[PDB]
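K.L.:
Experimental coordinates follow, after the sequence.
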Amino acid sequence: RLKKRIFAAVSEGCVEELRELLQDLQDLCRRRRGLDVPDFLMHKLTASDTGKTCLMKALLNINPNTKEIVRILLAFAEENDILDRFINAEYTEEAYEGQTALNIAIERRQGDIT
Amino acid sequence: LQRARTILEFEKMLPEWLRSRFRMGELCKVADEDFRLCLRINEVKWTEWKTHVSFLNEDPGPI
């Protein structure tokens, strides 16, 4: 119920729903086991089959407010020290093996996001 | 124009169980509950460089 709302809001360019969900996504991990903080949150933002993350999903659907969304997604990844492994994720499907979010930002002809 | 009139007369002398096997088209989903019978053609274009907003599938490829 929480994963599906994030992918839907990030496609249509909804900055008002994105902030309050990611704060609610943050509050759930404080009232939690607190053992594995990275390995839980990487499961919440990433589809299991195709291996696509939320940062790849935002760039495939270019909106007139995409670069404000990406800055929210990256600034959220700063306060959990997972900025390296979130920005360097790959597909696991055999038809797209190795494609990252930097291949999508160059193919969509985005200079400033790159 | 001569060969096209030939093809359309061979098609009339086929029974209905055999018309169904030789039939082009695939049911696509082009809008909200709009299913049409479509014909796919590929293209390579090197002259117009634009970013793509209109597409039915995010993930490309044949599948």
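P.N.:
Sure, I can see it. Numbers count the residues shown, from 1 in each chain, chains lettered A, B, ... in the order given.

K.L.:
Residue numbers of chain B in contact with chain A?
P.N.:
For chain B, the residues in contact with chain A (Cβ under 8 Å from any Cβ of the partner chain) are B:49-53, B:58-59, B:61, B:63. (Each C-beta comes from the backbone N, C-alpha and C, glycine too.)

K.L.:
try 6 Å this time
P.N.:
By the rule Cβ under 6 Å from any Cβ of the partner chain, the part of chain B lying against chain A is B:51, B:58, B:61.

K.L.:
Please name the residues that touch the spatially most central residue of chain A.
P.N.:
When Cα atoms, centre = their mean is applied to chain A, the residue found nearest the centroid is residue A:54 (2.8 Å). Counting by Cβ atoms under 6 Å, 6 or more residues apart in numbering or on different chains, residue A:54 touches A:6, A:10, A:45.

K.L.:
Is there a neighbour count for the closest residue to it other than its chain neighbours? I'd like the number.
P.N.:
Closest residue to residue A:54 in three dimensions, ignoring its sequence neighbours and counting by Cβ to Cβ, 6 or more residues apart in numbering or on different chains: residue A:45, at 4.7 Å. Number of residues near residue A:45 (other Cβ atoms under 10 Å in any protein chain shown) recorded here: 23.
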